[PDB]
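Laid out below as structure tokens are two forms of one and the same protein chain, each shown alone and named structure 1 and structure 2.
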Structure 1
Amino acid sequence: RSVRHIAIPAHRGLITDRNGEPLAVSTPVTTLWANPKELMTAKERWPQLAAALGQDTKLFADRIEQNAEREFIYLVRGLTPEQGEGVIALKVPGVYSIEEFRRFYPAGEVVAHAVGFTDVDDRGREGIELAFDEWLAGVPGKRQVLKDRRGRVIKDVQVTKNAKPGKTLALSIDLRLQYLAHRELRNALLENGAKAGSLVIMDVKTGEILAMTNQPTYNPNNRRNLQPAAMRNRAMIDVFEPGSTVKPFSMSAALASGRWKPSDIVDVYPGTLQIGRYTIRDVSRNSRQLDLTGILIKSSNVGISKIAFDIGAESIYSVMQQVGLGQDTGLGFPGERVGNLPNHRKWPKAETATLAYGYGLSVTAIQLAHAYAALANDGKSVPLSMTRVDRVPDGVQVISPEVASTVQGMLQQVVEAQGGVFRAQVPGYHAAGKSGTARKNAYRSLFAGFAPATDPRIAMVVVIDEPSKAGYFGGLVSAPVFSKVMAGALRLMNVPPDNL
């Protein structure tokens, strides 16, 4: 009475972590539908079927009566096999059974922002599920079915074309590192009364994003009553002024200029500096002469500004642009922001000073981590990747190996020297990094670093949004998170200790 071609759903590819742990799995679910044309000939069966579907008798009957002309309506999607057989056993004419695919996410909220989710039609709508949708979805088949003049699926003819299953995808993320970072960022938020946060971990040798976690987060397996703020992958889609965490790059421009060495001295007394109506102000103001390492340890805005006036903002802009701040990462992640590294024909003094200590530009947590990776990797930037990297692509030298080496040594002193950020110290290793405290009377606390300082393997960025306890400095709020997560990450990757 009617020959028709209908789609065959393809099996969606498995997403694993870098070691094969499942992160997104296509699982069979039982969906029930009905042909109202057939139901209309068995009305005396409707109340038992309605009750079986948890439905009010009258509302069910109103539904079928309204659709009496159509030949298809869903009844309920995604049931257990025991549930569907429970209904089919009633043998109600025109009630049919189907098996579909539905994603399950074994790690739930721990990796929701990176993995994303699919819709009820099994299409990728967010995160990796969307970015890699063509790779994961495969290609539907087609089959030929005969249907009588009332919609009854009389015969089932051949398969015209088989479905092509999707392909497996292994991410760069290490699920063991991801759990640790997730736990500790969460603990830090709760201990500090903070509103939001991000943590990014990167392999400085391969470009791999080993961990990417945010708060708040959500359970992708139960998205009822989902708050869209809980769904933001802040590490990639939120932009912020990085503040003093960019001082290592200002310093890289200074050491490359020919005009400065770490033992050179800047006079920062009295801890402020007027630029017209604008006033640069240090956080501690009992200093006069400081050497370049001292400027980083004390995080003196006056110090880095006087250095910036000497070498010119253009050279600072250039290093920041070369390491990727405010530049397109090329990951193609949905909603991923680029930020902004402003430019000028001639840089005014005030813009020059603020650029040098990280105001006036916008970056993401992932760009900041990638810039620190380039610095840890002896000045060579390796392309970012969200998937496991087997053949490493060639990187670009963006800071000279000698300059990067020197800046690494200074940042090890930031963490280890007297008056330094002692809370970022990693037991059994040497660590290097810089704190940040940036306006947003509310602040973001930041720490960016890498370890082991002797032979760097891992770069990490911690951002904690609006800590509400008395201490809000990056060195008080974010540095201890770096310490706990870096220690766990190095242990898990069996990195040999360089400080025992």
Structure 2
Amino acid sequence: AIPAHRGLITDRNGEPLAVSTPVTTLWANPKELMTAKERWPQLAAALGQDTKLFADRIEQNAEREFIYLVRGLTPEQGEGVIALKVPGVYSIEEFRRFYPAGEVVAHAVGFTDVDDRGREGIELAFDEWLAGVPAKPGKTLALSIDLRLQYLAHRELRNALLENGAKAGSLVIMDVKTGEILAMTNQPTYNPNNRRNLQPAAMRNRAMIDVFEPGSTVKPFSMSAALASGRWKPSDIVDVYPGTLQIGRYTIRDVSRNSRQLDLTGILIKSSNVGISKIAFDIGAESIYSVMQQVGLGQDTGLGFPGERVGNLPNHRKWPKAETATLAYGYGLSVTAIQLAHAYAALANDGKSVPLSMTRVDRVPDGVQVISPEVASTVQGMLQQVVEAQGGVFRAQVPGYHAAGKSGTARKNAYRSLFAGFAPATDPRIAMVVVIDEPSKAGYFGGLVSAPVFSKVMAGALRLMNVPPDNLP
């Protein structure tokens, strides 16, 4: 069988991400090798193998009319072995993958196994498109990924992990208009060109497989349900005093407890679990579940990355009050960073969900209106206030632009620090999620740990895409 040329993977602008490299596999007709034993030591040397074990191997398989000697030698090493002119030694031309961006886009692109077959990421997901048929060559695949945004994201997430002594992290950037993933980076990462002795830990595409309680980052969807109910406007007040609320044996507790009356923007700025719980009791869990289901939290992303986790959105016929509250302030559900980014992309795109893509989108599919454009517009303004208002997430602010977003912190006393947002706030182009796992320095809150990463990556990302500054006189 004639091994086919595996199709080129590029970024959205044709930068090479995975290239088929010529290599040499050497096989032997032992029957013919057994006629030239005096050549074996020179041949053993040229293969790196020991003289004795090489000789043991060939003697044992002297019946077989075929065995492999070595796979995936460089052509140069291959020519050296052919230059020995040993009877019973023949060469096949094979293809191994090289990844020029290396660790920068490891998780997204993935890699091939020993047989030039997709084992991780896009290599696995689009294996049939890229492989061709062993012989017709495989087809070029242009990713949605912008290598320029990917490098910035990679660099800033790495610097955030080190500055906070964190064990892991994820950053996803999405085009809100096209459903395209512009960047997807995880720490820790690995060099896919050197897979000799490296942990399955480093190879985990956390953005797509790590499921977590999103906490306060889904309070905006609870608020979308509130504004869509006809019962709530942004200027309405909730009494959250004294920052706790008993629901049978369950006690809802706010992290900050020096508030009485908050307006709905204030509930988001303070991330008040009591405030959102009381709104949830009024509107019913069904309306909150429905919005979260529709923006894709705990739902199949359709990206068909094998080992992709879907997480869980809990459902009930009759919602108990405790489950109603915990859903509303973002516990009792499990999501991935890609789902959260996708949910924020729909909010940012005036309530319209466009299907997620890891490949360059030339013809944008029709979106689903999952939140009414007026509710989406209102929730955008409130999330702009969360970043810009007194006591807000000022570290999320993006010089030259109106940014909008929401911090989160969950307990796993280890913590998960989250920031999800989009910019520019008036004409959203980009949604971003930053997840940092177990920050080990003093500040562990989303607004302290993850928000500065959002600021710098978003600042860079908007400039690389030549988005015009929207904070003018």
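Whichever C-alpha set is largest while still superposing within 1.5 Å between the two forms counts as the rigid core. Numbers follow structure 1, counted from its first residue as 1.
- When the chain is split into two rigid parts to describe its motion between the two structures, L90 and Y317 fall into separate parts.
- We note a C-alpha movement of 2.3 Å at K37 between the two structures, with the rigid core held in register.
- Taking the core as reference, the Cα of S299 moves 0.8 angstrom between the two structures.
- On rigid-core superposition between the two structures, the C-alpha of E100 is found to move 1.8 angstrom.
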